[PDB]
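Data block below; observations after.
Chains as they are written, first to last, in the deposited numbering: chain B, 22 to 222, 238 to 299, 310 to 386; chain A, 22 to 222, 238 to 299, 312 to 386.
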């Protein structure tokens with residue numbers, strides 16, 4: 022049985038076989054709000070099927086519901102994990118999705134799942150580190166890009182949900198982004214690592245990124261250093277982390293990205319940190335947000351605050367909302383801007 | 022909804038909610054066999070449930086079947102992958118399973134997913150490399166253990182299905198095995214990497245392990261070199277790979293493990321004679337009594353006996369299972385480089 026079967030016109034057919042099931046539906050990311058879940062059709066020999074689309078090029082996650090129970094597609098080996106939420110996925114080929122594929126003619130960088138001591142948090146933690154193709158067997162040193170996830174995620178999320186390794190492999194091989202080290206931390210100070218592999222064990241995360249993570253990377257990888265060789269970005273909660281880290285350490289990062297995130311003694315303190323950051327010598331402050339994201343007005347408030355300080359930034363407004371589809375797009379556009 | 026719920030007497034309760042489903046069963050590794058599939062019982066509120074056991078300490082994989090369709094347990098975050106087969110799992114604590122847990126008071130080694138060029142196979146390929154805790158930030162060098170999977174597997178299997186990183190973390194921290202680098206290759210020469218992340222692209241794997249993998253490891257990791265610092269082991273197909281590699285390259289590995297695998313005619317005898325004189329330190333054959341390959345492994349032992357070739361034989365309960373392969377790894381690694 023072939024499922025999903027992607028046709029040349031970018032329609033997709035899904036199939037589930039059961040003579041004993043009475044109802045099979047599909048939940049998928051192509052489905053709009055009003056529409057919702059779609060029902061498969063049962064043929065007389067027990068095969069359920071539905072054909073959707075045509076779909077625009079993109080990565081789409083989906084799963085089934087069989088007689089009220091969630092079920093994955095047993096004939097699709099592609100499975101992602103979002104915290105505790107497992108789903109299948111597939112990628113419609115095309116211009117908009119081309120960076121998300123693993124290509125066989127493309128040199129591939131290493132993904133390292135490494136543990137490090139944290140003086141701030143008080144126990145060892147795990148992070149993922151991506152190094153560019155050819156890092157092994159060479160003397161060259163590389164700039165570093167710290168990439169932060171949002172609430173409910175972990176250090177596995179940007180590679181698993183966000184296709185960071187494929188995007189970076191493809192951008193670098195194509196000459197569109199400089200070879201770089203990408204450091205993906207666990208942003209939940211109470212965790213040691215991702216909940217699917219690590220059972221359980238206020239500024240702690242942010243402080244420990246600067247005091248624990250950055251020194252560890254610079255000691256144990258061939259990293260260029262200084263703000264001009266250092267980038268940081270994050271989505272939602274991690275976009276808040278990004279602001280806090282950079283506001284509290286002006287002059288430490290020259291490339292700053294805030295994805296899908298926005299904003310009297312203390313009100314002066316924030317103005318003062320903006321002014322110190324304004325004069326730090328950064329090269330790029332990049333704010334990206336979906337028009338329909340619930341945080342839209344808060345990001346507009348941030349943009350207006352920066353305007354009032356004559357703080358130079360770049361704003362990328364996109365369609366859609368608070369989704370990994372947009373965060374893949376933001377990574378795809380931000381990385382080619384770095385270290386140039 | 023809690024599922025699975027491990028009880029103090031090592032019984033386990035599973036739960037699934039659906040008012041629509043007519044029949045929900047569970048398939049699990051504690052079961053007698055296909056006829057021993059168990060059916061959950063529906064209550065008036067739509068919750069299906071079953072309590073099983075007491076179960077012996079072990080890692081157990083399972084899944085549900087809902088009116089004929091395989092379904093995972095959406096309330097259990099632990100999921101493994103055997104090629105294309107995804108299943109949930111849980112671990113019953115106790116003596117026989119203690120090494121399989123991720124423990125918070127234990128230093129943890131790095132797992133690296135690294136690509137290398139292959140002159141023999143002709144395209145770049147992916148392997149997993151485990152380095153011991155504290156490898157980073159130190160200049161110490163370590164011996165190397167090459168660990169091979171079987172048919173249907175890939176470079177992700179021994180860590181995913183075999184809990185290698187946990188077993189190695191725990192064995193090393195407990196002082197039972199020496200700190201070592203563990204290299205897990207993809208043994209399918211037609212593949213570049215694991216099929217869940219890598220699309221499709238003669239003795240080629242065996243040749244490329246010696247000519248491509250070993251130089252890459254010794255150049256790009258802080259590896260001790262030489263036969264006394266080199267171990268190799270594999271299960272089923274990979275246990276055949278292990279025999280071919282060591283028979284063809286006597287004096288390259290001093291620790292050899294053949295898990296759940298057995299055995312023109314004159315070349316084999318001469319290679320055994322060559323290997324016998326190679327100064328190896330351990331030739332360890334492990335196989336389950338109920339394994340289909342049991343007789344073939346006996347033939348292998350008999351052929352080594354014919355040459356007065358010294359080996360150590362570990363006969364276990366059970367058969368051709370990852371439970372036994374985790375056990376074999378747990379017992380083989382403490383024997384290495386001592």
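Ideal Cβ placement from N, Cα and C applies to all residues, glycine included.
Nearest candidate by alpha-carbon position, reference residue i, set the options
i, options, result
"residue 356/A", "281/A, 348/A, 94/A", "348/A"
"residue 159/B", "288/B, 258/B, 335/B", "258/B"
"residue 139/A", "101/A, 241/A, 30/A", "241/A"
"residue 243/B", "155/B, 124/B, 27/B, 283/B", "283/B"
"residue 123/A", "91/B, 216/B, 45/B", "216/B"
"residue 290/B", "312/B, 265/B, 299/B, 277/B", "265/B"
"residue 8/A", "32/A, 381/A, 156/A, 211/A", "Because chain A spans 22 through 386 in this model, residue 8/A falls outside it and cannot be assessed."
"residue 365/A", "350/A, 268/A, 337/A", "337/A"
"residue 286/B", "269/B, 352/B, 320/B", "320/B"
"residue 16/A", "91/A, 70/A, 99/A", "With chain A running from 22 to 386 in the structure shown, residue 16/A is simply not present."
"residue 30/B", "55/B, 114/B, 198/B", "114/B"
"residue 325/A", "313/A, 342/A, 288/A, 312/A", "288/A"
"residue 379/A", "38/A, 360/A, 144/A", "360/A"
"residue 335/B", "197/B, 247/B, 269/B", "269/B"
"residue 51/A", "38/A, 111/A, 106/A, 87/A", "111/A"
"residue 293/B", "246/B, 276/B, 26/B", "276/B"
"residue 161/B", "34/B, 199/B, 170/B, 178/B", "199/B"
"residue 83/A", "350/A, 75/A, 90/A, 101/A", "101/A"
"residue 70/A", "38/A, 191/A, 133/A", "38/A"
"residue 253/A", "328/B, 263/B, 157/B", "157/B"
Unbroken beta strand (DSSP E) run spanning residue i, endpoints
i, result
"residue 103/A", "100-103"
"residue 168/A", "165-169"
"residue 162/B", "Note, residue 162/B: premise wrong, no beta strand (DSSP E); not H, not E."
"residue 51/B", "Careful: residue 51/B lies outside any beta strand (DSSP E) and carries neither H nor E."
"residue 91/A", "90-92"
"residue 218/A", "Run containing residue 218/A: none; DSSP gives neither H nor E here."
For residue j and residue i, believed in contact at Cβ under 8 Å, the rounded distance
i, j, result
"residue 96/B", "residue 22/B", "5 Å"
"residue 261/B", "residue 205/B", "That belief does not hold up - the Cβ atoms of residue 261/B and residue 205/B are roughly 19 Å apart, past 8 Å."
"residue 296/B", "residue 172/B", "Contact doesn't hold; Cβ gap of about 11 Å is too wide."
"residue 344/B", "residue 299/B", "5 Å"
"residue 73/A", "residue 32/A", "7 Å"
"residue 40/B", "residue 41/A", "That pair is no contact at about 16 Å."
"residue 256/A", "residue 222/B", "That pair is no contact at about 32 Å."
"residue 274/A", "residue 169/A", "3 Å"
"residue 133/B", "residue 133/A", "5 Å"
Status (buried if at least 16 other CB within 10 Å, exposed otherwise) for residue i
i, result
"residue 316/B", "exposed"
"residue 94/B", "buried"
"residue 318/B", "exposed"
"residue 209/A", "buried"
"residue 77/B", "exposed"
"residue 64/A", "exposed"
"residue 176/B", "buried"
"residue 153/A", "buried"
"residue 201/B", "buried"
"residue 28/B", "exposed"
"residue 47/B", "buried"
"residue 385/B", "buried"
"residue 358/A", "exposed"
"residue 195/A", "exposed"
"residue 174/B", "buried"
"residue 66/B", "exposed"
"residue 312/B", "exposed"
"residue 278/B", "buried"
"residue 207/B", "buried"
"residue 164/B", "buried"
"residue 62/B", "exposed"
"residue 350/A", "exposed"
"residue 91/B", "buried"
Residue span of the alpha helix (DSSP H) that contains residue i, given as start and end
i, result
"residue 189/A", "185-194"
"residue 327/A", "Run containing residue 327/A: none; DSSP gives neither H nor E here."
"residue 180/B", "178-181"
"residue 108/A", "Note, residue 108/A: premise wrong, no alpha helix (DSSP H); beta strand (DSSP E) at 106-112."
"residue 376/A", "370-380"
"residue 273/B", "273-284"
"residue 253/A", "250-256"
CB contact check: residue i to chain D, cutoff 8 Å
i, result
"residue 153/A", "This model lacks chain D altogether; the protein chains it does include are B and A."
Proximity test, residue i beta-carbon vs the ligand GTP heavy atom, cut-off 7 Å
i, result
"residue 154/B", "Within the structure as shown, the ligand GTP is missing, as the structure has no ligands at all."
Is the number of C-beta pairs between the stretch 131-150 of chain B and the stretch 112-121 of chain B that are closer than 8 Å three or more?
No: the two stretches stay apart, fewer than three of their Cβ pairs being nearer than 8 Å.
Do the stretch 184-194 of chain A and the stretch 367-380 of chain A touch if we need at least three Cβ pairs shorter than 8 Å?
Between the stretch 184-194 of chain A and the stretch 367-380 of chain A there are three or more C-beta pairs closer than 8 Å, enough to call the two in contact.
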